[PDB]
Amino acid sequence: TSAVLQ
Amino acid sequence: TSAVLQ
Amino acid sequence: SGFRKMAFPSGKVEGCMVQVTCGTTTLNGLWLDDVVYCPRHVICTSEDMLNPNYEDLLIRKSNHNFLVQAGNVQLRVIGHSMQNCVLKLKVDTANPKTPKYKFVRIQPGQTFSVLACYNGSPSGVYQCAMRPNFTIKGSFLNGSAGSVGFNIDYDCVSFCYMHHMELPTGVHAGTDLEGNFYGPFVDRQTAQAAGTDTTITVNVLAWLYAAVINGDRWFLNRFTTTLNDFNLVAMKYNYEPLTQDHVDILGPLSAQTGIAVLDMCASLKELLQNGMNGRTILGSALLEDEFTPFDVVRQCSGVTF
Amino acid sequence: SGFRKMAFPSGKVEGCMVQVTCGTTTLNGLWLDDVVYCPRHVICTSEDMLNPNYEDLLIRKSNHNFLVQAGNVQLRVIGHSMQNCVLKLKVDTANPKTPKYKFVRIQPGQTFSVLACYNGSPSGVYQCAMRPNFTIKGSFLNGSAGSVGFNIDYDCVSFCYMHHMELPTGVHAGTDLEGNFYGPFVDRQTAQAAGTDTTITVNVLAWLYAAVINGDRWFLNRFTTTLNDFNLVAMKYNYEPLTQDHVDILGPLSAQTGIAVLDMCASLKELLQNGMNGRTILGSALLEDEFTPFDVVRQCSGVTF
């Protein structure tokens, strides 16, 4: 799954 | 053992 | 994602910490406006601590007996009084770093941050709960009395605990900031023991909700229970009874997850009777009870100060 | 006595946190002298975060596009450059609360405090370890990027981490203060995964020493072991092989408790092979590896800042 930029 | 005041 | 024991930022409290010395006895004080609050047993010698009469002992003291240091500057004491188990030392200078603050008395099962201090300097901060038996499982060495526990709401620091002593099982006892002890304990080195403790059920449920919010769902099931049936299981496992007020407090978490409280209670009942079968919840092999429902909302919502 | 995950007091770092907005994206920045440091993906729109061309994005950005707020003070951005995965925004004002500080790259296995922030404002503080797979097991939501990890020594804040992103297992990845990631991760919403993680053997031994200091002894007085026999077992359970350096590091705790490192190793060996059998150590049913030997010495001695 994609990383999430926070 | 007794209470210990800190 | 993630869920950690998270303490409040401590900066507002750090600027209130001072050191109080009386004789060869040193501990910490809390400097708010022109008053330093500290445990009264600072006035004790070592031989005084078995059966002190604090009224007598305080009568024997004067202002010049209290050396109060705010870092390097010595604050001159111009007045002293005793309020239950705390001393209020009036100083001639108001703390310019005094935050908006309240003194509150918390209930068993509520949490707070502790800024652990020695010689008026902070060593670290960590999160505690008031156990049902009115102790706290802290990290306190000699010299740490007068360290405070607190919560923040908006820009207001709510001081709820001042640390006094350690009981023989290694747990900790203290007062509110009006000097009233939490629990049936007294500040004297006599034989005292914490009552039997219990697990804080509403907090275990809150933490199970945190687990679901963070994608841990293996413990859920299709069952529901009644509140009465759940409490028959709770009593067997030394858990506090769950009240309808507790069900309501879990409302934000049941809303966010879609899992009714009595549905989660059926999960908890199964975890108690069956264990975890080698699995973990939020990195723990034990059911965690030192997060309140608000603590979960705060962390999972990003509440700031 | 007692032993807690204890974070450093956060007050020195709270004074450096600011809000950085660019377009619809807001995160945190770190304000030191006349520079605000922040993750570069503040210049992305939500349609740009799969394959961001950061060089081209920054081209179409000028100074007034970076809205920086410190409390209720607007800072003026007077210049911007991108360094690795961070932005360095030159502001027209120096931070008067800048502490003495260092930038460092921490090693896997070392720990640090995180000041989790939203909108430039502190939300909470907790302790983390840099995992061997270069992630951290934090508690971070959307908007937390730019929060920093740090250690304190006397009055010097060593910044070692700035947060950027969350991986699909719910762990976290970020950079040092030069903007260079810990681990093989990139600041894009591409498919990425944390590598296999190992347990920090030397930290587990330090925590066992912490537990002895605090009167837990049920796991002790095992038949002793040699290093190789210990490592044979350790690697079977995904523990890092123990080196003489690690043995050397544990000397101070070994000496203090009078338990030879290799005797602790033998206690750990037995714990790995037989588990704890429902029992607990320092409140945990799992072996804890996010306390370094210094963390233990620091908490059990009462070092202050």
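Sequence positions for chain C are given in Swiss-Prot numbering; the residues included correspond to 3264-3568, in order.
Backbone N, Cα and C define each Cβ position, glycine as well.
Feature annotation from Swiss-Prot across C:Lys3353, C:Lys3532 places ubiquitin cross-link at C:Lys3353.
It is C:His3304 that, of the recorded positions C:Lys3268, C:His3304, C:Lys3353, has its Cβ surrounded by the most other Cβ atoms within 10 Å. Classification of C:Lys3268 (ubiquitin cross-link) by DSSP places it in coil, neither helical nor stranded.
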